[PDB]
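Have a look at the structure below before the remarks.
In what follows, chains carry the letters A, B, and so on, assigned in the order in which the sequence lines appear, proteins first and then strands, with residues in each chain numbered from 1. Both backbone and side-chain heavy atoms feed into the values below; hydrogens, waters and symmetry mates do not.
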Amino acid sequence: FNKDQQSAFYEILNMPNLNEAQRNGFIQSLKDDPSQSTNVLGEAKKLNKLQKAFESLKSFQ
Amino acid sequence: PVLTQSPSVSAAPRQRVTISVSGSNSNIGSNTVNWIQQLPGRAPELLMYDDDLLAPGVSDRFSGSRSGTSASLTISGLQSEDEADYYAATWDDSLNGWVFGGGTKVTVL
């Protein structure tokens, strides 16, 4: 990996509100699309925050 | 509820309305805010997350902000369909869990 792919990869490995299909999808995207690693990371962060928000909704009911 | 929202706002169609929530250092002061919408007689749904992002399929007439220990939700071009109870949600680092407001009822005339 280049530096961008490697930093996006490490963060994406750790995200607790991704499932393994999503995580593996973002990691394949980093491999396929190295010049957009920061974009891939942004998409993964948004999804992680949305699925974390869905947990707050479950807690609320 | 750990978070403080004003219980009710009255409004008319086509106006803007802004509702707010007050928190403290270890909840809103440290964590991004979510908004939950409960339409009359419907289950609650996610409206907004990460302070200012729209949940999938939510109208771009909703916008949100977080500053210091406060957060706000603004509804533009108010519609009869917007009459609902709006609840704030965030993580609390002192309680180590989800905290919520008691809801703001928005009535539309």
Do [X] and [Y] belong to the same hydrophobic cluster, where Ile, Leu, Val, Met, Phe, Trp and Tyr are linked whenever their side-chain heavy atoms lie under 4.5 Å apart, directly or via other members?
| X | Y | value |
| --- | --- | --- |
| A:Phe54 | B:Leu47 | no |
| B:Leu73 | B:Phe100 | no |
| B:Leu54 | A:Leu47 | no |
| B:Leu53 | B:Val58 | no |
| A:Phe60 | B:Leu3 | no |

Of A:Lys46, A:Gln61, A:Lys52, the largest count of non-hydrogen pairs under 4.5 angstrom with chain B goes to A:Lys52

Calculate, to the nearest 0.5 Å, the distance between atoms CG and CG belonging to A:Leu50 and B:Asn34 respectively. 9.0 Å

To the nearest 0.5 Å, tell me how far B:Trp91 CH2 sits from A:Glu55 CD. 10.0 Å

Can you give me the closest heavy-atom contact between B:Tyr49 and A:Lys49, atom names plus distance? CD1-C, 3.8 Å

What heavy-atom pair brings A:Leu57 and B:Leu46 nearest, and what distance separates the two atoms? CD2-N, 3.7 Å

